[PDB]
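> Questions regarding the structure given below will be posed in turn.
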Amino acid sequence: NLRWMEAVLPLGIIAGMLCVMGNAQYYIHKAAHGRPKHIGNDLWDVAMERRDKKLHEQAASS
Amino acid sequence: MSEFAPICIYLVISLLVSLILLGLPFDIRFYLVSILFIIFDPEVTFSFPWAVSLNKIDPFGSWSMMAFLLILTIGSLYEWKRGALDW
Amino acid sequence: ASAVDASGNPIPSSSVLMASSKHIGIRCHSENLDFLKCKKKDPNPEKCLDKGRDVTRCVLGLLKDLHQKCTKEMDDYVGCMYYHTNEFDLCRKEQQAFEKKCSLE
Amino acid sequence: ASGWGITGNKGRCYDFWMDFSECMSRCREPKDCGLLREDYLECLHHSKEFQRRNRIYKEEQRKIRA
Amino acid sequence: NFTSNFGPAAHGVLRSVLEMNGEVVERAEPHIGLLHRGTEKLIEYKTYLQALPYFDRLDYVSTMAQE
Amino acid sequence: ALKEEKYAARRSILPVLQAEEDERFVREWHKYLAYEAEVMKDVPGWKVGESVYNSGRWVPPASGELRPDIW
Amino acid sequence: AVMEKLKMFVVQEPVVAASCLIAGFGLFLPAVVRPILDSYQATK
Amino acid sequence: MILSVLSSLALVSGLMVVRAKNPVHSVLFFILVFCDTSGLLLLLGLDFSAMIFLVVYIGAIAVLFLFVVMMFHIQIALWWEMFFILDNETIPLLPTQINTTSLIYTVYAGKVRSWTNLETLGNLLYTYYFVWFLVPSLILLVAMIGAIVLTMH
Amino acid sequence: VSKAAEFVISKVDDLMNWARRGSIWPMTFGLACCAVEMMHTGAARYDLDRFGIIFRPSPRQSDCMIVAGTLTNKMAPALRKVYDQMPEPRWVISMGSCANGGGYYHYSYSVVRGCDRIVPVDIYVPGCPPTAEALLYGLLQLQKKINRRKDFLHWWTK
Amino acid sequence: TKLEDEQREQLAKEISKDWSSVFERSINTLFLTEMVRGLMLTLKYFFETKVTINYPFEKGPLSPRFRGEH
Amino acid sequence: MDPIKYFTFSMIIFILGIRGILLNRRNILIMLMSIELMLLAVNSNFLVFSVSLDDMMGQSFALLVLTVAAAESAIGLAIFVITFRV
Amino acid sequence: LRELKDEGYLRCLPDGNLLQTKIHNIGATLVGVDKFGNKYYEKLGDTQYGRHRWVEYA
Amino acid sequence: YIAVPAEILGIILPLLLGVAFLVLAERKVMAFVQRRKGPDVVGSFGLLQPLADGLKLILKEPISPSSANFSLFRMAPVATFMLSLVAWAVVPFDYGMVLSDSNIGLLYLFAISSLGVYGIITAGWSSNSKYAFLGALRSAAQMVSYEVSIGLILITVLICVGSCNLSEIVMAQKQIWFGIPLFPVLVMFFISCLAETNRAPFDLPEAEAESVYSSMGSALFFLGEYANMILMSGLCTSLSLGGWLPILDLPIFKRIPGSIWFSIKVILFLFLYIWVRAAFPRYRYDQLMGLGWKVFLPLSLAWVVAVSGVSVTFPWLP
Ligand code: SF4
């Protein structure tokens, strides 16, 4: 007896989509910058990101 | 900022997809309700900053905001007894 | 996200700076604090350079001393700081390790 | 200017106003320290600073014709 | 007073016309000839046992009280 | 408690970053000052340093284009 | 008499009564509880 | 660039507000003026006031204007000054701003935390300057009882 | 004929016909007691929505018209005006026995002898009133009709 | 309409006898218990089986006294 | 240059609003919308000033004048809608 | 496998009804087969009154 | 540079798939409620029903309107569509799994709702007949009243937790779901979300429009309505039920990807929408606006006052 599962199933697809939806951009960004997104970047973290990037490029070039 | 750039790129991409989807097949009651909304909407506008900062303000903040709410609530009561929101 | 600079140079790399900030505060502190008093007197980037050079020397010395005593651990610790950009609440496990093998004080 | 800088710190151009005020209200001698008004208004508008930098570039450009 | 029309569930065929005022129905009036057949004329040009089905057809929800 | 942990870490790491950026600023300002002096030799000398803002209070340069530390 | 009038009004307008009671609770808590709590924290 | 775009849109849309007929067209161009002004404020770096311009200016006042002009649809009864302010030599010549572009001095000490403008504005407006906040309550109350006594028979 | 292209055309017609048959949207015209039985069809027993069928009221977005009942000389213009306002692909199902061929009151004034005179009926149905089974079988016959609707081929050969 | 004012008073003076009655009726109309009861009945029917005769494969019941194609 | 551009935009919008309220004399709707435009320009240059010279009271003033503008607009449109009943 | 899967099994995926009848079959028994080839089943029991005799059309 | 359009496409398309299957599941579950099956012929389980309906509405012979036939009639449906989606921009599906961390998200959502009101009113008036215009005015008034109620509810949930960006809110809930203590607040917010999109008991505007036009235009309009429905469900579960956080905090739940939790909560709320639709008759318009301006505004305001009070007397307020 699983007759109810015929109704959640279409709804269930939505779930999938939503999950997929989110995950998509996540992994996209994970490949576009090398690490996952960061929630709530105050100015401090942006300055730190710029400085770290410049420092690492200087170290790589040398 | 630097997030409203993703926002606006979303805006233009949504415009594009919507146009694509479009091209494929080829009185006093209202006025007073609007006024009451224009009056209670700055209420929400003012409640937004008051919401975030109820830790760097002692009961003085809560009381000032409650006095504002009381003035506008007497406004709402006068509105009610006049029956302008009767419909 | 390497923190070694292909040599002994500990390459500040702000992630590493925070990872040690859990720890720096008890080595150069007093020395460090004098710097701030300079900056309180006159925020003149000229007349407050000696103390800053001193603090940078002390901190780079700390990083050298601390990257050798804890190497593997520290590596993975910074390996879990670049990732999870700077959130301490994430992979606290590595932090735990960085207090067992590494220098606690 | 009052103190409340746009991000919760002593505003960029406060200290100058504080000195201006303490001198204008403490020693009421007539405009002996109107010298600080130029300073405070400069902080508000950088007028002297922009003028100086503009002139430096002006002369740099004038020596290019040679 | 507006003069609105109403020609609609499938709750039968009927034509209401409404003298209106704001949201008040000052005067509603139905037009009803929209489904006529001549049942009486037919019964006459018909019989008793042959005309029983006509009564069956009138008021087609309650289909036996008529007979 | 968590936010305070994070902010305390930032505070303790502040001075290294501050000193490094201060040294960078001194380097760039010395560059600009040498440039000025070089293009202001024969002009009637006016104290090449030229603290246009008198009464101390070093007052960083603060170029135009309001809110520069955002975009 | 006044109790009868109040019971009548509360039966008639339940949601306004509940709103007023919630607002009364939310205004009574600070005004009369904060001093007591500050005194308790002062004594312990 | 985009600053100039928003400014130009706002300018031309205000022109249409004043000149273009079919008053519903005027109200549309007015909404558009406010939208681009909100985007402009967003560019300035003040986000809260941008969203507020969206909510109360556009979503609240302009909808009232649209309502009223809807019910009465059938009721159809500088270059000199710009040069004078751009030839002052008190504005930095853009060539200067180039090299000095790499001259700003970050502090790294006033941004260990960061008050978003919403938070600091709340602080200031409610603790101090509070009577400045009680009076607008009275003017809103005046607005609503005025609407009532005027139109409500 | 480019036999490959004829196969692609056949598949395109199959897809088109399958969509048009599986998303059909009727439009009720409930004059007389058949409406009741039609409701019984749309009821829980012989469910209609199961076949992808939604009784859309507005005649600007419907596909079929189900004339269920009995026309009347007073009602013919309204029915014709409703029929005209539909999009191009249309079908008409004549329920009952007087919506098609006059039926009983066929022998009476003030009755149109069958809705065939006003709109070009597609498939009628028999009944008095048709058993809900009979109406559902009529709609399945309409599916079988719309299923032999090679259309893209006609445009490719026109 | 003078009587309606008088009737509405007694009807309120009758149900509002004690405090328990007014309190019960108030949180009754304030916590939507009849709404919840209707929702629970509906959800039961949802979980329950269906009718849905599935026509083209199992037709409906008839009787030898039927009428059809002559 | 950016303060110049912001302020000149605000000034030209103010000028446009006053020209609207002066030239057009009968259409009350255009009149009230021009008043709204004037208050909008005032608000915008208030904000630009609040951010140029680092000082906060500009934004408190901006919020309060927003309240004032909403009140005037509502009440004036009431005046109009009672004028156009006759 | 694939033989009967193509014969009368895989059509259910875009046909729908055949899936319901296959379920009723896994519950079913057999009672007849008619010259047109079609199979009549009867899943008599605790099922229901309306749906316990049906036919797969072959 | 090119990652951003990729993210935007990955946000847009799955939403359309999900909303098509949303209307499908809507029909199915209302059917099951009413003791009947839904669409079960076309697909294996009716899964190919929305695709078939879409193909039908595509091949259907179009009819261009005769009322401001450009730049005012062929734009407003696109306007409401763009508004719904740009609202969908900032919603957190997991830790950092967002599109934009707009640090004032709540104000953003509220503003976008008001702009949707603009969309519906201009789409109503852009037609020719006037009864559609009266219906548009009615819908606008209803929408804006329940928006002010939604605003006060947002102010409550905001008071409970300092910042505004939604990830911070879902952490605050990571302690304990705000739905638990403010359960009546959740009920009021849900009723206001119902009235905001005119779905379950408040339909008399649409019912009257059906009692008294382009195929693709109507399709776009219904698409906008149901997309706004999913959005309202999403923010309701993102600020009153946890937002990708396992229940009871036991390290067997922590194997579930977190994103699954958000989908489960939003699907539950969608099911509740459809369920409360098929159990209740509709209000009138009079009683509708009366409840909007008499029952939900005072209750919401009182709740703001009460929660502020309880959270300002004790040192419980961050
Ligand atoms: S037998 Fe025919 S004429 Fe009579 S009620 Fe039925 S559909 Fe109508």
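> Out of the residues in segment I:109-151 that are within 14 Å of chain E (Cβ to nearest Cβ) and surrounded by fewer than 18 Cβ atoms within 10 Å (Cβ to Cβ), state the one that is farthest from the ligand (Cβ to nearest atom).
I:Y109
> Then there's this: Which condition breaks for M:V312 when tested against (1) closer than 17 Å to M:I176 by Cβ; (2) crowded, with 21+ Cβ neighbours inside 10 Å?
Checking M:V312 against (1) closer than 17 Å to M:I176 by Cβ; (2) crowded, with 21+ Cβ neighbours inside 10 Å, the one that fails is (1).
> Ok, one more. List the pairs whose first member sits in segment L:29-58 and is on the phi > 0 side of the Ramachandran plot, whose second member is surrounded by 12 or more Cβ atoms within 10 Å (Cβ to Cβ), and whose Cβ atoms are under 7 Å apart, counting only residues at least 6 apart or on separate chains?
Going by the 7 Å Cβ cut-off, the qualifying pairs are L:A58/L:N38; L:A58/L:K39.
> So, H:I76, is that one more than 10 Å from chain M (Cβ to nearest Cβ) and outside any helix (DSSP H, G or I) or not? Please lay out each step first, then the result.
Working: more than 10 Å from chain M (Cβ to nearest Cβ): yes; outside any helix (DSSP H, G or I): yes.
Spelling it out, H:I76 is indeed more than 10 Å from chain M (Cβ to nearest Cβ) and outside any helix (DSSP H, G or I).
> Right, here's the next one. Residues that are at the interface with chain H (Cβ under 7 Å from one of its Cβ atoms) and β-branched (V, I, T): does segment B:19-27 have at least one? Step through it out loud before you land on a result.
Initial filter on segment B:19-27 (at the interface with chain H (Cβ under 7 Å from one of its Cβ atoms)): B:27.
Filter again for β-branched (V, I, T), leaving none.
No, segment B:19-27 contains no residue that is at the interface with chain H (Cβ under 7 Å from one of its Cβ atoms) and β-branched (V, I, T).
> Of the residues in segment M:254-271, how many are touching a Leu at 6+ places or on another chain (Cβ under 9 Å) and not hydroxyl-bearing (S, T, Y)?
Start the filter on segment M:254-271 by keeping residues that are touching a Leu at 6+ places or on another chain (Cβ under 9 Å), which leaves M:258-259, M:261-263, M:265-271.
From the residues that got through so far, the ones that are not hydroxyl-bearing (S, T, Y) too are M:258, M:261-262, M:265-271.
Qualifying residue count, segment M:254-271: 10.
> Quickly run through segment I:87-108 and pick out the residues that are within 15 Å of the ligand (Cβ to nearest atom), touching a helix residue (DSSP H, G or I) at 6+ places or on another chain (Cβ under 7 Å) and closer than 24 Å to I:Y46 by Cα.
Matches in segment I:87-108: I:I93, I:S94, I:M95, I:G96, I:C98, I:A99, I:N100.
> Could you tell me whether any residue of segment E:24-35 is of a type in the set (D, E), part of a strand (DSSP E or B) and exposed (fewer than 13 other Cβ atoms within 10 Å of the Cβ)?
In the first step, residues of segment E:24-35 are kept if they are of a type in the set (D, E); the result is E:26, E:29.
Restricting the remaining residues to those that are part of a strand (DSSP E or B) gives E:26, E:29.
Narrowing further to those that are exposed (fewer than 13 other Cβ atoms within 10 Å of the Cβ): E:26, E:29.
Yes, because at least one residue in segment E:24-35 is of a type in the set (D, E), part of a strand (DSSP E or B) and exposed (fewer than 13 other Cβ atoms within 10 Å of the Cβ).
> State which residue is nearest to the other protein chains (Cβ to nearest Cβ) when the search covers only segment K:37-58 and only residues that are under 24 Å from H:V69 (Cβ atoms) and in contact with a helix residue (DSSP H, G or I) (Cβ under 6 Å, 6 or more places away or on another chain).
It comes out as K:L37.
> Identify the residue in segment M:68-103 that is on the phi < 0 side of the Ramachandran plot, away from chain A (no Cβ under 14 Å) and in a loop (DSSP other than H, G, I, E, B) and, among all such residues, is surrounded by the most Cβ atoms within 10 Å (Cβ to Cβ).
Top of the filtered list is M:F73.
> Being over 13 Å from I:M27 (Cβ atoms) and within 16 Å of the ligand (Cβ to nearest atom) is the filter here; which residues of segment I:46-70 pass it?
Once the filter is applied, which keeps residues that are over 13 Å from I:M27 (Cβ atoms) and within 16 Å of the ligand (Cβ to nearest atom), segment I:46-70 yields I:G69, I:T70.
> H:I91 is checked against (1) more than 7 Å from every other protein chain (Cβ to nearest Cβ); (2) touching a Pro at 6+ places or on another chain (Cβ under 9 Å) and fails just one. What number does that condition carry?
Going through (1) more than 7 Å from every other protein chain (Cβ to nearest Cβ); (2) touching a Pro at 6+ places or on another chain (Cβ under 9 Å) one by one, H:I91 breaks only (1).
> Where residues in segment I:71-86 are more than 16 Å from I:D122 (Cα to Cα) and away from the ligand (no atom under 16 Å from the Cβ), which of them is nearest to the other protein chains (Cβ to nearest Cβ)? Can you show your working first?
Our first condition is that a residue be more than 16 Å from I:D122 (Cα to Cα); within segment I:71-86, this holds for I:71-78, I:81-82, I:85.
Filter again for away from the ligand (no atom under 16 Å from the Cβ), leaving I:77-78, I:81-82, I:85.
Numbers: I:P77: 11, I:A78: 8, I:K81: 11, I:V82: 10, I:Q85: 9 Å.
Going through the qualifying residues, I end up with I:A78.
> So, of the residues in segment K:1-35 that are more than 7 Å from chain H (Cβ to nearest Cβ) and surrounded by 21 or more Cβ atoms within 10 Å (Cβ to Cβ), which turns out to be farthest from H:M1 (Cα to Cα)?
Filtering first and then ranking leaves K:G17.
> Identify, from the list F:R10, F:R24, the residue that is among the charged types (D, E, K, R), under 30 Å from C:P12 (Cβ atoms) and within 8 Å of chain C (Cβ to nearest Cβ). Outline the logic, then answer.
Numbers: F:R24 fails: within 8 Å of chain C (Cβ to nearest Cβ).
Exactly one residue qualifies, and that residue is F:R10.
> Taking the options E:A28, E:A9, E:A65, name whichever one is more than 15 Å from the ligand (Cβ to nearest atom), at the interface with chain I (Cβ under 10 Å from one of its Cβ atoms) and of a type outside the set (D, E, K, R). Working first, answer last.
Values: E:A28 fails: at the interface with chain I (Cβ under 10 Å from one of its Cβ atoms); E:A65 fails: at the interface with chain I (Cβ under 10 Å from one of its Cβ atoms).
Answer to the selection: E:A9.
> Are there any helices (runs of 4 or more DSSP H) wholly within segment M:257-318 with 2 or more residues that are more than 14 Å from chain G (Cβ to nearest Cβ) and in contact with a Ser or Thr (Cβ under 6 Å, 6 or more places away or on another chain), and if so which?
Numbers: elements: M:259-277, M:286-291, M:297-313.
Because the criterion is at least 2 residues that are more than 14 Å from chain G (Cβ to nearest Cβ) and in contact with a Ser or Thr (Cβ under 6 Å, 6 or more places away or on another chain), the helices (runs of 4 or more DSSP H) in segment M:257-318 that meet it are M:259-277.
> Given G:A23, G:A1, G:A31, G:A17, which one is hydrophobic (A, V, I, L, M, F, W, C) and either in contact with a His (Cβ under 8 Å, 6 or more places away or on another chain) or loosely packed, with under 14 Cβ neighbours inside 10 Å (or both)? So that I can check it myself, show each step before the final result.
Working: G:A23 fails: either in contact with a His (Cβ under 8 Å, 6 or more places away or on another chain) or loosely packed, with under 14 Cβ neighbours inside 10 Å (or both); G:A31 fails: either in contact with a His (Cβ under 8 Å, 6 or more places away or on another chain) or loosely packed, with under 14 Cβ neighbours inside 10 Å (or both); G:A17 fails: either in contact with a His (Cβ under 8 Å, 6 or more places away or on another chain) or loosely packed, with under 14 Cβ neighbours inside 10 Å (or both).
Testing whether each residue is hydrophobic (A, V, I, L, M, F, W, C) and either in contact with a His (Cβ under 8 Å, 6 or more places away or on another chain) or loosely packed, with under 14 Cβ neighbours inside 10 Å (or both) leaves just G:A1.
> Do we have C:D54 as surrounded by 16 or more Cβ atoms within 10 Å (Cβ to Cβ) and acidic (D, E) here?
Values: surrounded by 16 or more Cβ atoms within 10 Å (Cβ to Cβ): yes; acidic (D, E): yes.
Judged against the criteria, C:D54 is a match.
> Residue under question is A:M5, and the condition is that it be out of contact with any helix residue (DSSP H, G or I) (no Cβ under 7 Å at 6 or more places or on another chain) and closer than 18 Å to C:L17 by Cα; does it hold?
Values: out of contact with any helix residue (DSSP H, G or I) (no Cβ under 7 Å at 6 or more places or on another chain): yes; closer than 18 Å to C:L17 by Cα: no.
So A:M5 does not fit the description; no.
> Among the residues that make up segment E:37-59, is at least one of them assigned to a helix (DSSP H, G or I), within 12 Å of the ligand (Cβ to nearest atom), within 11 Å of chain I (Cβ to nearest Cβ) and of a type in the set (S, T, N, Q)?
yes
> Now, a different point. Could we say that J:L11 is farther than 30 Å from M:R35 by Cα and loosely packed, with under 10 Cβ neighbours inside 10 Å here?
Numbers: farther than 30 Å from M:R35 by Cα: yes; loosely packed, with under 10 Cβ neighbours inside 10 Å: no.
No, not satisfied.
Just so you know, all these numbers are worked out from the coordinates, no wet-lab data involved. Every residue, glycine among them, receives a Cβ derived from its backbone with ideal geometry; neighbour counts consider all protein chains shown.
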